[PDB]
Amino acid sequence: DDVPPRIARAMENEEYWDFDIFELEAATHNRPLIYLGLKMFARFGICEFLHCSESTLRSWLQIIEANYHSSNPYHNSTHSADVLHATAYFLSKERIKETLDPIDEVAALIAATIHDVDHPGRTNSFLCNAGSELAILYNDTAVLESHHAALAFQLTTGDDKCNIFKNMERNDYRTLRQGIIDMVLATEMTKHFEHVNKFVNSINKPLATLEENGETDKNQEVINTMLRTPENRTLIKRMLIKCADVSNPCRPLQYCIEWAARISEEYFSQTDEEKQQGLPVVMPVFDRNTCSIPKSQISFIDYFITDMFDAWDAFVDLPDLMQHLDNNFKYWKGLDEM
């Protein structure tokens, strides 16, 4: 409502995939998550669902955004706004709209918003090796992933001005809470192929068998019955949050390159401190004095992204992302020049 001009225009084409998140970031002065959050939450009707006022939502968006680190190149409020944008975009897709229910839409949007809150610009392994208080607290197991959700619920429920969950039913909140916790914990690296295997085997292969057999009215209910089961809806939520979290290789070229530099700069900054303090180098290839970012991005896309978005694309149909993925992959190849 009370929105300045440049920032209002910066959120013009926000249903579209080609959306300039950095123009929002620049216009908003490192506060894009509250501005993009209010519009997305209003579009998805989330406070109507949660029974909150706008004032509670504004206070909730500011306090969690405040706890994102400006110092971090990549892991800041603009990343989680970018992930919020990707999440909302996937929810808008026809497959996801008719598969998932209204409570999942709210879980995903909240989960995305908080998914890297108070990220220290460092990996879990670093925090275990460096002897961090979170590694002791979370027992070297999902250290950041547990911390993000835990802090996010510490900040939300601990103050009445921030508590967006206060006017809900107790049983509905527990269902929504478990949905958020599951999707925030689903973002960890170590369980990548665990979650991707499940998605191809549980959803795509059975769905391919159904389309292979035919496409009758009765067969359509069996496809709906299979996917809409609570077990498979969780599997889709995990694949959605994971794809949103690493959607930057599938962006318009200018955004892809910016995102690649930011995360590259983080990993170099960690590598400097690993060398400096006298720690074991968990990420040796990501050094500022030896890493080819164009080669690393090719390897990143090959090892994780391509198979993941292949499964996710088959399900949702994301031609623009795949068309952008191929274009960026060819650009990163093109920087050989000798």
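Sequential numbering from 1, following the sequence displayed. Definition used throughout: the rigid core is the maximal C-alpha set that superposes within 1.5 Å between two forms.
Undergrad: Comparing 181 to 189 with 211 to 219, which has C-alphas lying farther from the shown form in 8 other deposited structures of this protein once the core is aligned?
TA: Of the two stretches, the larger average C-alpha offset in 8 other deposited structures of this protein falls on 211 to 219.
Undergrad: Take the C-alpha B-factors listed in the entry for 313 to 321 and for 8 to 16, compute each mean, and give the stretch with the larger one.
TA: In the deposited entry, the stretch with the higher C-alpha B-factor mean is 8 to 16.
Undergrad: Averaging the C-alpha B factors as listed in the entry, name the stretch that ends up higher: 86 to 94 or 224 to 232.
TA: Result: 224 to 232.
Undergrad: Among the choices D140, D118, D159, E258, identify the one whose CA B-factor in the record is greatest.
TA: Each of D140, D118, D159, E258 was compared by C-alpha B-factor; the highest is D159.
Undergrad: Which has the highest CA B-factor per the PDB entry: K205, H147, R238, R262?
TA: Out of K205, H147, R238, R262, the record gives the largest C-alpha B-factor to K205.
Undergrad: Can you tell me whether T187 has a C-alpha B-factor in the lowest, middle or highest third compared with the other modelled residues of the same chain?
TA: Its C-alpha B-factor, which the entry lists for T187, ranks in the middle third among residues of this chain.
Undergrad: Compared with the other modelled residues in the chain, in which third is the CA B-factor of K218?
TA: Its C-alpha B-factor, which the entry lists for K218, ranks in the highest third among residues of this chain.
Undergrad: Quick one: classify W60 as lowest, middle or highest third of the chain based on its Cα B-factor.
TA: According to the entry, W60 has a C-alpha B-factor in the chain's middle third.
Undergrad: Against its chain's modelled residues, does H69's Cα B factor rank lowest, middle or highest third?
TA: Answer is lowest: the recorded C-alpha B-factor places it there.
Undergrad: What third of its chain's C-alpha B-factors does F304 belong to: lowest, middle or highest?
TA: Tercile = highest for this residue's CA B-factor.
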